[PDB]
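Structure data (TSV, C-alpha atoms) from work.tsv:
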chain	number	residue	atom	x	y	z
A	1	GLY	CA	78.58	76.78	75.26
A	2	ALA	CA	77.26	77.77	71.78
A	3	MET	CA	73.87	78.98	73.23
A	4	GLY	CA	75.70	81.78	75.21
A	5	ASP	CA	75.85	82.66	78.95
A	6	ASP	CA	76.29	85.71	81.31
A	7	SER	CA	79.45	84.14	82.97
A	8	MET	CA	79.91	85.89	86.40
A	9	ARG	CA	79.05	89.27	88.03
A	10	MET	CA	81.75	91.75	89.24
A	11	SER	CA	82.47	94.86	91.38
A	12	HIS	CA	85.62	97.08	91.59
A	13	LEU	CA	87.63	99.71	93.59
A	14	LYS	CA	90.95	101.71	93.31
A	15	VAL	CA	93.35	103.06	96.05
A	16	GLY	CA	96.51	105.27	95.87
A	17	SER	CA	99.63	103.64	97.42
A	18	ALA	CA	102.83	105.12	98.97
A	19	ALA	CA	105.62	104.67	101.56
A	20	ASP	CA	105.60	106.92	104.69
A	21	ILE	CA	108.51	109.46	104.97
A	22	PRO	CA	108.91	111.07	108.49
A	23	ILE	CA	109.94	114.80	108.44
A	24	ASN	CA	110.54	117.65	110.98
A	25	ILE	CA	110.33	115.43	114.13
A	26	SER	CA	108.54	117.62	116.77
A	27	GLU	CA	105.09	118.42	118.37
A	28	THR	CA	103.74	119.99	115.08
A	29	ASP	CA	99.95	120.34	114.60
A	30	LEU	CA	98.44	118.82	111.40
A	31	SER	CA	95.65	121.42	110.70
A	32	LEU	CA	97.83	124.48	109.73
A	33	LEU	CA	100.53	122.33	107.99
A	34	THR	CA	100.66	121.58	104.21
A	35	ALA	CA	103.16	119.67	102.01
A	36	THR	CA	104.14	119.32	98.29
A	37	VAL	CA	106.78	117.51	96.17
A	38	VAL	CA	108.82	118.97	93.30
A	39	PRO	CA	109.88	116.03	91.00
A	40	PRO	CA	112.94	116.16	88.63
A	41	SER	CA	110.30	116.78	85.86
A	42	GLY	CA	109.75	120.28	87.46
A	43	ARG	CA	105.93	119.85	88.00
A	44	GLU	CA	104.83	120.48	91.64
A	45	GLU	CA	102.19	118.13	93.21
A	46	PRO	CA	100.64	117.89	96.76
A	47	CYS	CA	101.50	115.28	99.44
A	48	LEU	CA	99.34	113.43	102.02
A	49	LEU	CA	100.29	114.43	105.63
A	50	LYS	CA	100.16	111.71	108.35
A	51	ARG	CA	100.72	111.32	112.13
A	52	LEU	CA	102.44	107.87	112.15
A	53	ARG	CA	101.96	105.06	114.76
A	54	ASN	CA	105.10	105.87	116.89
A	55	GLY	CA	103.87	109.55	117.32
A	56	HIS	CA	106.16	111.22	114.69
A	57	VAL	CA	104.80	113.21	111.65
A	58	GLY	CA	105.48	112.41	107.94
A	59	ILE	CA	104.41	112.68	104.27
A	60	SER	CA	103.46	110.24	101.47
A	61	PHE	CA	103.11	110.69	97.65
A	62	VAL	CA	103.50	108.90	94.23
A	63	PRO	CA	106.68	109.77	92.17
A	64	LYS	CA	106.33	110.03	88.35
A	65	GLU	CA	110.06	109.42	87.48
A	66	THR	CA	113.29	108.02	89.07
A	67	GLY	CA	116.00	110.16	90.78
A	68	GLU	CA	116.02	112.98	93.37
A	69	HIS	CA	112.61	114.46	94.31
A	70	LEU	CA	112.40	117.44	96.77
A	71	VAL	CA	109.66	117.63	99.46
A	72	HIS	CA	108.60	121.15	100.57
A	73	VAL	CA	106.73	121.28	103.97
A	74	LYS	CA	104.93	124.49	105.06
A	75	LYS	CA	103.31	125.98	108.23
A	76	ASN	CA	100.59	128.64	107.52
A	77	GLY	CA	101.96	128.79	103.87
A	78	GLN	CA	105.61	129.52	104.97
A	79	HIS	CA	108.30	126.80	104.49
A	80	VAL	CA	109.57	124.96	107.66
A	81	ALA	CA	113.26	125.00	108.77
A	82	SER	CA	113.79	121.37	107.51
A	83	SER	CA	112.74	122.18	103.86
A	84	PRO	CA	113.59	121.29	101.14
A	85	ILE	CA	113.94	117.56	102.02
A	86	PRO	CA	115.54	115.33	99.28
A	87	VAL	CA	114.18	111.79	98.60
A	88	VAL	CA	115.92	109.60	95.93
A	89	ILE	CA	113.63	107.22	93.95
A	90	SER	CA	114.88	103.97	92.29
A	91	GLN	CA	113.04	102.03	89.49
A	92	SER	CA	112.14	99.22	91.98
A	93	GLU	CA	110.07	101.80	94.00
A	94	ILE	CA	107.84	102.87	91.01
A	95	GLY	CA	105.45	99.84	90.89
A	96	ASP	CA	106.96	96.41	91.82
A	97	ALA	CA	103.90	94.15	92.49
A	98	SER	CA	106.20	91.24	93.60
A	99	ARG	CA	106.93	93.25	96.82
A	100	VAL	CA	103.18	93.67	97.80
A	101	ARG	CA	101.82	91.72	100.84
A	102	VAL	CA	98.20	90.93	101.94
A	103	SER	CA	96.47	89.34	105.01
A	104	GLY	CA	93.09	88.69	106.81
A	105	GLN	CA	90.23	86.13	106.65
A	106	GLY	CA	88.30	87.70	103.67
A	107	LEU	CA	90.90	86.22	101.22
A	108	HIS	CA	89.85	82.65	102.33
A	109	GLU	CA	86.35	82.64	104.02
A	110	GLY	CA	83.16	84.80	104.19
A	111	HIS	CA	79.44	85.13	105.02
A	112	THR	CA	76.40	86.73	103.22
A	113	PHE	CA	74.75	89.02	105.81
A	114	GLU	CA	77.99	89.82	107.76
A	115	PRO	CA	80.83	91.58	105.79
A	116	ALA	CA	84.26	89.95	105.18
A	117	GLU	CA	87.51	91.94	105.84
A	118	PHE	CA	91.14	91.77	104.59
A	119	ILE	CA	94.32	93.95	104.75
A	120	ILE	CA	96.72	95.09	101.96
A	121	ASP	CA	100.32	96.16	102.78
A	122	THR	CA	102.12	98.29	100.12
A	123	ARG	CA	104.59	99.89	102.64
A	124	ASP	CA	107.25	97.25	101.73
A	125	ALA	CA	106.55	97.80	97.94
A	126	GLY	CA	107.46	101.56	97.77
A	127	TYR	CA	105.00	103.63	95.65
A	128	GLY	CA	102.23	103.06	93.02
A	129	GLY	CA	98.48	102.28	93.02
A	130	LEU	CA	96.23	99.31	93.94
A	131	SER	CA	93.26	98.33	91.69
A	132	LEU	CA	90.88	95.66	93.05
A	133	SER	CA	88.05	93.55	91.51
A	134	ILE	CA	85.71	91.07	93.30
A	135	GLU	CA	83.91	88.58	91.00
A	136	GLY	CA	81.22	85.91	91.74
A	137	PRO	CA	77.50	84.91	91.61
A	138	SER	CA	76.30	88.54	92.25
A	139	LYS	CA	77.38	92.24	92.61
A	140	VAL	CA	79.01	93.34	95.97
A	141	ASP	CA	79.44	96.67	97.83
A	142	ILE	CA	83.23	97.23	98.31
A	143	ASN	CA	84.45	99.60	101.08
A	144	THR	CA	87.98	100.77	102.20
A	145	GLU	CA	89.69	102.13	105.36
A	146	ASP	CA	93.27	103.53	105.74
A	147	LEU	CA	94.91	102.46	109.06
A	148	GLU	CA	97.33	104.37	111.39
A	149	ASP	CA	99.93	101.53	110.93
A	150	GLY	CA	100.13	102.61	107.20
A	151	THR	CA	98.18	99.57	105.78
A	152	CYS	CA	94.77	99.54	104.01
A	153	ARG	CA	91.73	97.49	105.18
A	154	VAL	CA	89.26	96.39	102.43
A	155	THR	CA	85.70	95.11	103.19
A	156	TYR	CA	82.78	93.67	101.19
A	157	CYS	CA	79.23	92.34	101.88
A	158	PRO	CA	78.13	89.63	99.33
A	159	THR	CA	74.36	89.29	98.62
A	160	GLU	CA	74.33	85.66	97.33
A	161	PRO	CA	76.26	82.63	98.80
A	162	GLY	CA	78.86	80.66	96.73
A	163	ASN	CA	82.52	81.14	95.67
A	164	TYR	CA	83.86	84.71	95.11
A	165	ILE	CA	87.22	85.53	93.41
A	166	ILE	CA	89.28	88.57	94.61
A	167	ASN	CA	91.82	90.11	92.18
A	168	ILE	CA	94.67	92.24	93.69
A	169	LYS	CA	96.62	94.31	91.09
A	170	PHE	CA	99.40	96.90	91.74
A	171	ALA	CA	100.79	99.24	88.99
A	172	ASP	CA	99.03	97.13	86.24
A	173	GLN	CA	100.63	93.85	87.51
A	174	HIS	CA	98.68	91.10	89.40
A	175	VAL	CA	100.26	90.61	92.92
A	176	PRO	CA	101.60	87.27	94.39
A	177	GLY	CA	98.96	84.85	95.83
A	178	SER	CA	96.17	86.45	93.71
A	179	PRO	CA	93.63	85.37	92.43
A	180	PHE	CA	92.11	84.53	95.86
A	181	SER	CA	89.06	82.17	95.93
A	182	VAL	CA	86.68	82.81	98.91
A	183	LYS	CA	83.94	80.41	100.15
A	184	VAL	CA	80.81	82.42	101.23
A	185	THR	CA	78.04	80.66	103.24
A	186	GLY	CA	74.45	81.91	103.83
A	187	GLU	CA	70.68	81.23	104.08
A	188	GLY	CA	67.48	82.43	102.22
A	189	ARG	CA	67.48	85.48	104.67
A	190	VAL	CA	66.67	85.51	108.46
A	191	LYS	CA	65.98	88.11	111.23
Just give me the structure of the file as structure tokens.
Amino acid sequence: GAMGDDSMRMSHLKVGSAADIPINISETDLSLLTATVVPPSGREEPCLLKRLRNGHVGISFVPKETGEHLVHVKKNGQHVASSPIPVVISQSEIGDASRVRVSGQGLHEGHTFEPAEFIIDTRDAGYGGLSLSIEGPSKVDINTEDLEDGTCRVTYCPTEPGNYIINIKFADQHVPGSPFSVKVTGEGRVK
């Protein structure tokens, strides 16, 4: 319209995304352990350590090129007997959004005064990064939670009722099924 308009309000969040690589299978403690990757570029970067759902220990990280990367795992600053560990990266592991999956009720239905939840699964997509934007009649508080199964839970609490749109983007590409429209019901506020 020629008179102008505000359109719709928005809120946003970003999360780092990686596959889980199990290493040095034993009763190792997580507090005195550290881990890094050396890429084929020759520029060392740190890894995220994890105790995975089956009880085994592993790493996760984002590669910056294709080809052989070396993981180096350390106890008290000294390298472990398994190191270095080679991992070979293909171009399909760098940021293929077509491989990303999602689930949960917050992609379809919601409420005002109770938060709506949904899960993102990048384990089957390799490595990259998830950027997320919720749009609608008002601003929303977005929160996140990493799960022991290797997936990410996302939550939000919308102030006004109506229809909200959720955008799911991985490595600068919008993922399958997105944009998600979400019907939010509510009242004028109650105890």
### Query
A:134, A:21, A:175, A:182: which is nearest residue 58 (chain A), counting only C-alpha atoms?
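When distances to residue 58 (chain A) are compared using only C-alpha atoms, the smallest one comes from A:21.
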### Task
Identify which of the residues A:106, A:39, A:16, A:77 lies closest to residue 156 (chain A), counting only C-alpha atoms when measuring atom-to-atom distances.
A:106
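Shortest atom-to-atom contact with residue 170 (chain A) among A:115, A:95, A:55, A:150: A:95, counting only C-alpha atoms.
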For region 1-11 of chain A, I'd like the enclosing box, axis-aligned and padded by 6 Å on every side, reported as AutoDock Vina command-line options with centre and edge lengths in Å to one decimal.
--center_x 78.2 --center_y 85.8 --center_z 81.6 --size_x 20.6 --size_y 30.1 --size_z 31.6
### Task
Quick one: everything within 6 Å of residue 93 (chain A), counting all atoms listed in the file, minus sequence neighbours fewer than 2 positions away in the same chain. Send it as a PyMOL selection string.
chain A and resi 90-91+95+126-127
Same residues, C-alpha atoms, output as a short mmCIF file (atom, residue, chain, number, x, y, z; two decimals), in the frame of the given file:
data_model
loop_
_atom_site.label_atom_id
_atom_site.label_comp_id
_atom_site.auth_asym_id
_atom_site.auth_seq_id
_atom_site.Cartn_x
_atom_site.Cartn_y
_atom_site.Cartn_z
CA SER A 90 114.88 103.97 92.29
CA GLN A 91 113.04 102.03 89.49
CA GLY A 95 105.45 99.84 90.89
CA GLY A 126 107.46 101.56 97.77
CA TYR A 127 105.00 103.63 95.65
#
### Message
Please report the interatomic distance between CA of residue 172 (chain A) and CA of residue 121 (chain A) in Å with one decimal.
### Response
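Taking CA of residue 172 (chain A) and CA of residue 121 (chain A), their separation equals 16.6 Å.
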### Task
Rank nothing, just name the residue among A:130, A:2, A:154, A:166 nearest to residue 108 (chain A), using only C-alpha atoms.
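Closest to residue 108 (chain A) of all the choices is A:166.
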### Task
Please provide the set of residues having any atom within 9 Å of residue 110 (chain A), restricted to only C-alpha atoms, with same-chain residues fewer than 6 positions apart removed, written as a PyMOL selection string.
chain A and resi 116-117+157-158+182-185
### Nearest residue to residue 15 (chain A) from the set A:76, A:66, A:144, A:83 (distances using all atoms listed in the file)
A:144
### Query
For residue 53 (chain A), which residue out of A:148, A:171, A:17, A:26 is the nearest one, using all atoms listed in the file?
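Of A:148, A:171, A:17, A:26, the one nearest residue 53 (chain A) is A:148, counting all atoms listed in the file.
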### Query
For the atom pair CA of residue 72 (chain A) and CA of residue 27 (chain A), what is the interatomic distance in Å to one decimal place?
18.3 Å
### Task
Give as a list in words every residue, naming chains and numbers as the document does, that has an atom within 6 Å of (99.8, 90.8, 103.5), counting only C-alpha atoms.
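Output: residues 101, 102, 103, 120 and 121 of chain A.
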What lies within 7 Å of residue 139 (chain A) using all atoms listed in the file, ignoring chain neighbours under 2 positions off, as a PDB file with C-alpha atoms, keeping the file's coordinate frame?
ATOM      1  CA  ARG A   9      79.050  89.270  88.030  1.00  0.00           C
ATOM      2  CA  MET A  10      81.750  91.750  89.240  1.00  0.00           C
ATOM      3  CA  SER A  11      82.470  94.860  91.380  1.00  0.00           C
TER       4      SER A  11
END
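Computed from the coordinates, the CA of residue 74 (chain A) to CA of residue 32 (chain A) distance equals 8.5 Å.
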#### Entry: Surrounding residues of residue 50 (chain A) excluding itself and chain neighbours under 3 positions, 8 Å, all atoms listed in the file, as a list in words
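The neighbour list is residues 30, 57, 58, 59 and 60 of chain A.
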### Task
For residue 41 (chain A), please output as a count of residues only all residues within 10 Å (counting all atoms listed in the file; exclusion window: fewer than 2 positions along the same chain).
8
Hey, can you pull every residue with an atom no more than 9 Å from (91.5, 93.6, 94.0), using all atoms listed in the file, and send it as a PDB file with C-alpha atoms, in the frame of the given file?
ATOM      1  CA  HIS A  12      85.620  97.080  91.590  1.00  0.00           C
ATOM      2  CA  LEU A  13      87.630  99.710  93.590  1.00  0.00           C
ATOM      3  CA  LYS A  14      90.950 101.710  93.310  1.00  0.00           C
ATOM      4  CA  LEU A 130      96.230  99.310  93.940  1.00  0.00           C
ATOM      5  CA  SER A 131      93.260  98.330  91.690  1.00  0.00           C
ATOM      6  CA  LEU A 132      90.880  95.660  93.050  1.00  0.00           C
ATOM      7  CA  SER A 133      88.050  93.550  91.510  1.00  0.00           C
ATOM      8  CA  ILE A 134      85.710  91.070  93.300  1.00  0.00           C
ATOM      9  CA  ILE A 166      89.280  88.570  94.610  1.00  0.00           C
ATOM     10  CA  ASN A 167      91.820  90.110  92.180  1.00  0.00           C
ATOM     11  CA  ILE A 168      94.670  92.240  93.690  1.00  0.00           C
ATOM     12  CA  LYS A 169      96.620  94.310  91.090  1.00  0.00           C
ATOM     13  CA  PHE A 170      99.400  96.900  91.740  1.00  0.00           C
ATOM     14  CA  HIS A 174      98.680  91.100  89.400  1.00  0.00           C
ATOM     15  CA  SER A 178      96.170  86.450  93.710  1.00  0.00           C
ATOM     16  CA  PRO A 179      93.630  85.370  92.430  1.00  0.00           C
TER      17      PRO A 179
END
